[PDB]
Each structure stands twice: as C-alpha cells, then as structure tokens.
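# Breakdown of the fold
Read off the chains here:
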Amino acid sequence: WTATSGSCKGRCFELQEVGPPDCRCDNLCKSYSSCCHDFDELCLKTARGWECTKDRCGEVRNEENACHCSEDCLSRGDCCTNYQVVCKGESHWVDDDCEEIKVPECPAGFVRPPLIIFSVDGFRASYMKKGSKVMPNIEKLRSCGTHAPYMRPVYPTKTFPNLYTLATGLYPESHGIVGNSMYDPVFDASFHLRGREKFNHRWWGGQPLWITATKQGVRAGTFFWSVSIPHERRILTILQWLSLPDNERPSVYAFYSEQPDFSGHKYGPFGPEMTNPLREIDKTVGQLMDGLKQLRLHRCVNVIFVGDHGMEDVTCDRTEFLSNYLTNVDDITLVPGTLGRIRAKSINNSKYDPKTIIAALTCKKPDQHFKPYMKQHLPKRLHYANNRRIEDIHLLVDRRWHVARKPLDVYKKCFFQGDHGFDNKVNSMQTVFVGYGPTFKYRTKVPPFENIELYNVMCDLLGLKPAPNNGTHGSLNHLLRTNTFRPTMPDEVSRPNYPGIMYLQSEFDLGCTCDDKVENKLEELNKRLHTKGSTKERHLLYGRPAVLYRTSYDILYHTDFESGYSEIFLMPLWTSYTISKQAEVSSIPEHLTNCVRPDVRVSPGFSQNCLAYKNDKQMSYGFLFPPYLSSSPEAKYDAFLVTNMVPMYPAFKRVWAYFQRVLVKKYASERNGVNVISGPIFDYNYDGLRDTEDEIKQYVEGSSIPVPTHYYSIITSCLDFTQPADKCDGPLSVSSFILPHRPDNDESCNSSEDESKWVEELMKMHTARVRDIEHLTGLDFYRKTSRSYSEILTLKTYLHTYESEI
Ligand SMILES: *[C@@H]1O[C@H](CO)[C@@H](O[C@@H]2O[C@H](CO)[C@@H](O[C@@H]3O[C@H](CO[C@H]4O[C@H](CO)[C@@H](O)[C@H](O[C@H]5O[C@H](CO)[C@@H](O)[C@H](O)[C@@H]5O[C@H]5O[C@H](CO)[C@@H](O)[C@H](O)[C@@H]5O)[C@@H]4O)[C@@H](O)[C@H](O[C@H]4O[C@H](CO)[C@@H](O)[C@H](O)[C@@H]4O[C@H]4O[C@H](CO)[C@@H](O)[C@H](O)[C@@H]4O)[C@@H]3O)[C@H](O)[C@H]2NC(C)=O)[C@H](O)[C@H]1NC(C)=O
Ligand SMILES: Cc1ccc([C@]2(C)NC(=O)N(Cc3ccc(Cl)c(Cc4ccc(Cl)cc4)c3)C2=O)cc1
Ligand SMILES: [Ca+2]
Ligand SMILES: [Cl-]
Ligand SMILES: [K+]
Ligand code: NA
Ligand SMILES: [Zn+2]
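Anyway, here's the lowdown on the structure attached to this text.

### Some words on the packing of helix α6 (residues 159–168) against helix α14 (residues 454–461)
Between α6 and α14, whose axes approach to 6 Å, the crossing angle comes to 40°. In terms of orientation, α6 and α14 fall into the oblique class. Residues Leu166, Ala167 and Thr168 of α6 lie in contact with α14, whose contacting residues are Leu454, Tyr455 and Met458. Of the residues that constitute the contact of α6 with α14, the class distribution is five nonpolar, one polar and no charged.

### Thoughts on the coordination of the calcium ion (ligand 3)
Distances from the calcium ion (ligand 3) to its protein donors, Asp683 (OD), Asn685 (OD1), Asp687 (OD), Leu689 (O) and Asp691 (OD), fall at 2.3 Å. One chain supplies every donor for the calcium ion (ligand 3), spaced along it as D-x1-N-x1-D-x1-L-x1-D.

### What to know about the site of ligand 1
Neighbouring residues of ligand 1: 13 residues in total, closest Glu173, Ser174, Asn386, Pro468 and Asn470. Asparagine 386 has a polar backbone atom sitting 2.7 Å from an oxygen atom of ligand 1. For ligand 1, an oxygen atom lies 2.2 Å from a polar atom in the side chain of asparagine 470. For ligand 1, whose free accessible area comes to 1500 Å², the fraction covered by protein is 32%.

### Topic: the site of ligand 2
As a structural note, the neighbourhood of ligand 2 is formed by 15 residues, with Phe160, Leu163, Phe199, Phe224 and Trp225 the closest of them. Take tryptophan 225: an N or O atom from its main chain is 3.2 Å from an oxygen atom of ligand 2. Contact with the protein chains removes 92% of the 650 Å² of surface that ligand 2 exposes when unbound. When contributions to the shell around ligand 2 are tallied by element, the ones reaching two or more residues are β1 (115–121) and α6. With four residues, the top contributor of residues to the shell around ligand 2 is α6.

### Side note on the environment of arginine 769
Following the sequence through the fold, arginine 769 ends up in the loop between β27 (767–768) and α20 (770–777). Note on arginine 769: relative accessible area 1%, which makes it buried. Between the C-alpha atoms of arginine 769 and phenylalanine 737, which are 32 residues apart in sequence, the distance is 7.5 Å. With sequence-adjacent residues up to four places away left out, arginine 769 is seen in contact with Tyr171, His383, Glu450, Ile452, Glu453, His775, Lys796, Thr797, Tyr798 and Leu799. At 2.9 Å, the side chain of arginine 769 and the side chain of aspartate 772 are in polar contact.

### Structural notes on the coordination of the potassium ion (ligand 5)
Those donors, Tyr613 (O), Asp616 (O) and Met619 (O), are the protein atoms that reach the potassium ion (ligand 5), and they lie 2.3 to 2.5 Å from it. All donors of the potassium ion (ligand 5) come from a single chain, and their spacing in sequence reads Y-x2-D-x2-M.

### Some thoughts on the state of the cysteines
As enumerated under the stated definition, the model contains 15 disulfides in all. The disulfide partner of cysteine 514 is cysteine 595, and the gap between their sulfur atoms is 2.0 Å. Here the S-S torsion is close to -85°, and the disulfide linking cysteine 514 with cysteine 595 is therefore left-handed. Residue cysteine 514 is classed as partly exposed on the basis of its relative accessible area of 21%. Exposure remark for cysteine 595: the relative accessible area of 2% places this residue in the buried category. The structure places no disulfide on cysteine 459, whose sulfur is separated from the nearest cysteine sulfur, that of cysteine 300, by 19 Å. Given a relative accessible area of 0%, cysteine 459 falls into the buried group.

### A few points about the environment of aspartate 638
Along the chain, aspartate 638 turns up in the loop between β22 (620–623) and β23 (645–648). Expressed as a C-alpha distance, the spacing of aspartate 638 and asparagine 672, which sit 34 residues apart in the sequence, is 25 Å. What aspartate 638 contacts, discounting residues up to four positions off in sequence, is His558, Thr559, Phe561 and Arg597.

### Focus on helix α18 (residues 650–671)
The end-to-end C-alpha distance of α18 is 30 Å, a good match for the 32 Å that 22 residues give at a rise of 1.5 Å each. Roughly 40° is the biggest bend found in α18, and it falls at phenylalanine 659. Two residues or fewer past α18, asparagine 672 is found with a positive phi of approximately 65°.

### Notes on the sheet that holds strand β25 (residues 710–718)
Two modes of strand pairing occur in sheets, parallel and antiparallel, and in both the strands are linked by backbone hydrogen bonds. Strand order in the open sheet made by the seven strands is β19-β20-β21-β24-β25-β26-β27, with antiparallel pairing throughout. On the outer flanks of this sheet lie β19 (553–557) and β27, each paired with one strand and no other. In the sheet, strand β21 (residues 571–579) pairs with strand β24 (residues 674–681) via five bridges, with the strands oriented antiparallel. Looking at the pairing, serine 576 lines up with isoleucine 677 of β24. Docked against the sheet, α18 engages β21, β24, β25 and β26 (732–740), running at close to 5° with respect to β25.

### Examining the pattern of salt bridges
Scanning all chains against the criterion turns up 50 salt bridges. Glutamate 105 serves as the salt-bridge partner of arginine 299, at 2.8 Å between the closest nitrogen and oxygen. With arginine 299 in the loop between α11 (275–294) and β6 (302–307) and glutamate 105 in the loop between α3 (83–87) and β1, this residue pair connects regions lying 194 residues apart in the sequence. The class of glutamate 105 is partly exposed, set by a relative accessible area of 38%. For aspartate 409, the salt bridge is made with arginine 405, and the minimal N-O distance between the two is 3.9 Å. Given a relative accessible area of 14%, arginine 405 falls into the buried group. Connected via shared salt-bridge partners are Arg61, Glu63, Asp72, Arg76 and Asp78.

What counts, and at which threshold
- Residues numbered from 1 in each chain as written, not as in the entry; some residues may be left out.
- Chains lettered and ligands numbered in written order.
- Heavy atoms only, no water.
- Residues with missing side-chain atoms left out of burial classes, pairs and counts.
- Axes fitted to C-alpha atoms, helices over the stretch in contact; angles between N-to-C directions.
- Helix = DSSP H or I, 4+ residues; strand = E, 2+ residues; numbered from the N terminus.
- Parallel < 35°, antiparallel > 145°, perpendicular 65-115°, else oblique.
- Contact = heavy atoms within 4.5 Å.
- Nonpolar A, V, L, I, M, F, W, Y, C, P; charged D, E, K, R; others polar.
- Donors = N, O, S within 2.8 Å, 3.2 Å for Na, K, Ca; no water.
- Near = heavy atom within 4 Å.
- Polar contact = N/O pair within 3.5 Å; in protein donor to acceptor, adjacent residues only side chain to side chain.
- Areas by Shrake-Rupley, 256 points an atom, 1.4 Å probe, with all protein chains shown as cover.
- Buried < 20%, exposed > 50% of the residue type's maximum accessible area, 1.4 Å probe, protein only.
- Disulfide = S-S within 2.5 Å.
- Expected span 1.5 Å × (residues − 1).
- Bend = angle between axes of the 7 residues up to and from the residue.
- Pairing = 2+ DSSP bridges.
- Salt bridge = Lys/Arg side-chain N within 4 Å of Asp/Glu carboxyl O.

Right, here's the structure in full:
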C-alpha cells in the first residue's frame, strides 16, 4: 500500500528513493505504481512541446510549459535544448567543426568531468555505417571521438544480462542475471521481463557502477527510467541535474533508449521501418549535445554511446520444435527462443533423465538448427555455467532460428521479424562503442573489445577503484588520453626446479617399452647443451609462463621444445615450441609406434606409467609436443618421454592428432612461423578457474594421473607476417583455443568423416582468449616481450572469432 496522497512539489526526479509508504517522485516511481498523486502534473509537463520557436523567445515564464524560452531559463537550467539556437543565433552542436578537447573545459566548481552513458537497445554494429546518412550527431561523436568497429556483447545476447554486465564488469554467471527470464531453485522463485519479481534485489549480484560511485563519495544519477517517461524528458532531467549546486550534483548519469530494439523486433534489423527510429535516436543525441553546449559542458563531459546487443532476422517459420524430437515433451520445461534451457517439469520425478534427453536431441535431422549441450560442455569462451539459475541442459540455437517446445507455443503466443540472444561471436549480435570527451582520444579507432571491459574504464573516468570484476584492467588504456591506472604483472608464486640427470633407467618400473636401445664428442656435446637450454630462446619466445599459485614443478629443456612439468599433476602445465615456415612434418616411425621413455631427470614416483593406460580400457594417451614435428630423427626420441605424455580419450586423439599433424604446419606456413604453447586444463566444477588437486573427479584407472577436462593451445606469431615468428620486432598476433576433452565426438555431427571435414570447425567453435586460459591454469603468459604491458593485456583479451568482415 502507498499513501500516494503526499506531493511531488519541489521534488521532481529526486535522487534519493523515499521509504514507503511515503509516495515517490523518482524516475522509477511509475514502475512501482507508487508516484504521488501530482507526479504527472508537476514532473511530466508537456505543454508547448520540446523546442523553442521564434515567437517564444524571451517569453514570460509559464511554469506549465515542458521547457522554457524565457530569459531566465539558463540560470534556472530548464531551457528547451534548442533555446540558444533559436533565440540567440547559436549553432547546433552538430554543425560546429570538431576541435580536439585536450583538457577538460568545465565551469568553476566541477571537481571532475561528469560521465554520461547513453545506452541504446538493439543497436547493431553495422548501423554505424549503414545508417550513417540519417545519424549526423552520432556520426560526429563517432568520427571526432574514440570508436571501435564493434563491441562484443556477453552471452546470452539479451537486454538485461548485457546492461547489467555493462554496469558491473561481470559475466552473467557471476552477476546472476543469466537471461531475460530465470528460475532460481534456492529462492524457489522466478524472474521475468513483465512483473514485479525483477524488482527484488536478490536477483542482482555484483556491484554496479552507481553503487561503486556512491560508496566512494561520487554521486550518481539514477540509471533506470520508467518506460512511459518520454526521451525528451529524460534528457531534460539529466540537464537539470547538471545545474544543481556542486554538493548535490551527480558525477555519473545514464540515459537509456528502448529503440532501435523495439522496432527491430517488429521489422527486422534492416526493415524500411528502421530508418525513423535511427533518425529519432540521433535527434535525442542532438538534444543532449545542444543542451550540454548551452550549459558550457560540451567540452567538459565524457559521453559514452554504447549498445547492449545487435539484432538478427528471425521469423516464425524458422522454429525447431522439441516435440519433433522428444516423446516426453510434457515432462520438460523449456526456456525458449534464441537459446534453449531445459529442466524437469517436476523435481518429484526420478524418471527424468538428462542423458536421454540429450541423446534424443543430438544430430537427429540433417539440417538441425540447434545443438544440445550439458552446460559444462558449452565453449568456455561463453562463461555460461557457474550459476544455479542456468539449467544443466542448454541449446545453442543457430543464428536466424528459434527453438520452442511445441507448435501451440508459437501460434498461440506472424508477429516478429527480428530477435537476438544468439552466441556472442555472431556478427549480427555485435553492437557499438563510441567515447567522446576530454578523457577519450581524438579521432581514434581502437580494435573491437568485449563489453565486460567497460566497467573498469568508467571507474577510471570517475577516479573510482573498481570492485573485483571480469575485465582486465589496463587492456583498454589505449582508449584514453590520460589513464590513472597503470597495471603491473602479477608476481610469480612458485619458482621452478631445473633437474639434471638423477635416475638410472632401471629405477623405473612403469611398464613402458621403447625400441631406443638402438643407440663421439660432436653429437654428445650437442645433446647436453640442448638438455641445458641451448635452444631455449628459439622455443620460449616470450619468457616462461609464471606460475601464480603454490606448487611443485620442473623446467625440462629439449632440442625442439621446453616444458614446465608438474610433480603434483604428473604432466606438463605448459609445453612451448616454435615451428618455422620451413619446418618439415614427418611421421612416427613404425619401430616407435608404442614407445614411451622414462625421463632420467624426474623420479619414478613423479612419473606417469604405461600400465595404468593399458589397464584403463577407456583412456589412451597423446603427447603435448607432437612427434610429427621433431627437427630430426634423433630429436624425435625426446617427444616420447613419459614427461611429454597426457591422458586422452581415443575420440579426442582424432582431434588432437589432426591439429598436431596438419593444422600446426598450415598455421606456420600461413603466419610465417608460429610459437605454440599447449597444455591441460582441469575445471571439474565449471567455474572458469584452475582446479586444486582435491577437486579432480577422474583419474586414469588405478593411478593418480588426473584426467584433464580440456586441452588448450596458444598460437603466437608476428602481426607483420613479413617477419618470422622467431624474429619479430613489433606487435604480436595470437589465436588460442580450449578444446573440451570428451570421450565421444557427439558434438560434431560430421565426425564419422575425415578429420579435414570437421576438426577445424570444432576448434573454431572453442576459440578462446589467452586470458580465459590464464584463469583456467593459474599461469601468466608473455612475461618477456619488447611490448608495453598494456598492449600485452590487449593481446591477452583478443578473441579470434572466424566470422567474416562485418
Ligand atoms: C569473474 O569475476 C568475479 C568477481 O571477481 C569472480 O567471482 C568471484 O569468485 C571468487 C572465487 O570463486 C568468489 O569468492 C568466494 O566468495 C564467497 C563469499 O561470497 C559472497 O560475498 C561476495 C563479496 O561481497 C559476493 O560478491 C558474493 O556474491 C555471490 O553470491 C551472491 C549470493 O549468493 C550472489 O548474489 C552473487 O551474484 C554471487 O554469485 C556468484 O558467485 C557464487 C560463489 O560465490 C556462485 O555460487 C554463483 O554461481 C555466482 O556465480 C557472495 O555473496 C566466500 O565465502 C568463498 O570462500 C570459500 O572458499 C575459499 C577459497 O579460498 C575458502 O578460503 C573459504 O574458507 C570458503 O570455503 C568455505 O565455503 C565453501 C563453499 O561454501 C565450503 O566448501 C568450505 O568447506 C568452507 O566452508 C569465496 O572466497 C567471489 O565471491 C566471486 N564474486 C562474484 C561477484 O561472483 C569470478 O571468479 C570471475 N570469473 C572468471 C572466469 O574469472
Ligand atoms: C529492476 C528494474 C527496474 C526497472 C526497469 C526498466 C523500467 N526496464 C528496463 O528494461 N530498463 C532499462 C534497464 C535495464 C537493465 C539495467 Cl541494468 C538498466 C540500468 C543500466 C542502464 C544503462 C547501462 Cl550502460 C547499464 C545499466 C536499465 C528499466 O530501467 C528494469 C529493471
Ligand atoms: Ca574450477
Ligand atoms: Cl533468456
Ligand atoms: K587404454
Ligand atoms: Na559425431
Ligand atoms: Zn530485444
């Protein structure tokens, strides 16, 4: 109950939310049905519209008007945004040439340049070029300020997960807004776009920018706007808050537009009906910039123009129905649309089987337009698993399609031509970023980046210390003319051992055999130098990775590769090697097919053993440095060391061997040499973070050899591919992946064919940032390069997406 018969007189768009049942006058009162009786009359004035006309110039103030053209309006802070243009011969902001803003040019009393976030729903990245003719204000922000060709949203590319990611720097799995709709089993409660449950604070985790600011003594405008408040009134309210006395004036503001998303759903991303919404958004930007110029703030405020996600063509007829696949369709609940999330209709049902549901949905029709996953098997780059609100069964839906439970759900809800929510690497889901102001660079284009990074920059823009988040602070320094943050490399926690020859062959009883007893100060001086690190500068191009947790491990040198070998996990944490453009692929000789050799540098007690693999009927093994790439028949014996061995399912060896035999060489010839770092990943609790030893759920049968959940590789070369990878004078180029270590290839529907038809497709799907691998391994890469650390941080956040040119 609200005693809604208090009053909004002198309180319109108050910044503090008043405690019930006292009635409210804040920009969200409408949404809670709790405004004071006179809210509309006082706070939502509309009389005479939004623009001064010649005949209103220097009029007598009439408090009924929506905005004013009377002489006193500037000092009152409530002129129409075009007041000066109409009544003072001023030009619109968009008609003035741009001039570099080297320093903030602010009125006295401003302690720091304000930040205004202008967020636009459904603003697809290609609108910047495709709509440029009808968006002159936006085009000026873009070309005069700092801009990316696009900005990557988070998965799912829905509105609430992305806006809240913008506010917090957190993946949806950590902030908790994991979809536009959700069920939470611990609360036993549901969350929807419509309704009042979304207003409960228990859904909203992390610490959003407005709370970070408040806690640190920086005042914040309200980020949320009730939908019925028109855009012109949102702009005028921001401009009014900017005229408050210094002790009352917020330093950060957000504007939100429902467009172009609202229209995009109805007409598709490029419908002819899309021109007008783009025109109208541009006009709103113009109102803001004219209003800022009137208050002498247009060279003082930092403005961010940012989308939450793009928009794809999607219609009714492109719907897959689970009823065409399942027989128990009524025993499941589906969260439907551009992604699928499946749970049991009833938890008092012990007959419900996730395994059988998955099998009924896997590769069942030739043209199938979705792919089922247990959430822990989703590409690691989506970071979409570690939340009790994300159902165990997930469906990744093809771009342009929907999934639904039954046809009745679709024709008893054609309406829509546009939608979004798909995989966040899909081109049509990409959105926009422009930063304009004293703190941003002038006329600068930066490479595409992920929206998880902006929270850190917005904190920097406001002199705030960010709460812990998923951005990599410093990776966006190149956006800024002056940074207050200067990242430093994390300290190594564990220093390695460098073992020499310490064991005799006969101390090993590992059940291994090798035909290598088929066995001179030329060649024997040589091999000792190699085992001491003589070739290390060739295979470790960027220094050794630093181990950032407490553990026991050895550096092992070899002619063709170096490794950091874990005495705890009984395998390398990383193996590093360089393949020049000219390298030769050879095969594994017949006499070496089953060869595994004890490593006399490493004790029996810290080694794997061949018997365990013989005994484990499911588990086979592979090698991290590939034998196919040995530099010589003699160096090839090094690749069969028991310290280069890792556990692999036979189904996985098909993937791995094709990568090592075919694709490494192809990348080296295309990229003019590559450096490769490969290794295992253990993430049994799917939290995106390295597992401790006591978290491992599977061992090779009868042994202490832990089974990886994933294998990664990081492939580095010179950005200027006219220089060889091992002699690169400038910026680096990287692509990486985190392949799931699975006992079957069900994920690839073409897997019964030759690896050349399906393997590379799988690796592309599981593309990763070096930063994802860092979290997953507790390692820190690129510690010794000639590049600046900020540039290295940008490099580690890069994602190679394999999409074509937007
Ligand atoms: C992306 O960035 C984020 C932010 O940096 C990273 O997430 C962090 O990861 C940390 C390590 O996993 C984690 O630290 C833990 O926090 C526990 C206290 O957490 C509460 O307080 C914080 C601080 O205010 C708050 O932010 C938390 O918020 C979570 O939970 C609330 C309420 O449930 C949600 O509203 C909110 O959205 C958020 O949920 C997310 O995180 C939880 C896990 O915390 C997940 O379950 C959810 O799915 C969701 O993702 C909390 O309110 C703290 O108690 C933990 O301590 C245990 O473990 C340590 C290990 O050192 C040990 O020393 C302790 O003794 C303790 O062990 C005891 O508890 C165990 C488990 O109950 C038990 O088994 C033991 O036997 C012991 O009893 C732990 O330190 C941090 O909270 C989150 N922060 C956030 C915001 O998510 C994330 O890792 C990054 N992602 C990647 C890929 O890098
Ligand atoms: C609980 C609640 C209350 C009201 C509402 C309203 C009316 N419904 C709705 O869709 N919006 C927009 C909206 C959506 C999500 C978030 Cl987080 C933000 C904040 C924000 C803005 C910009 C940036 Cl860059 C980041 C965050 C704004 C509302 O305000 C949504 C949700
Ligand atoms: Ca983990
Ligand atoms: Cl959703
Ligand atoms: K086996
Ligand atoms: Na298959
Ligand atoms: Zn939408």
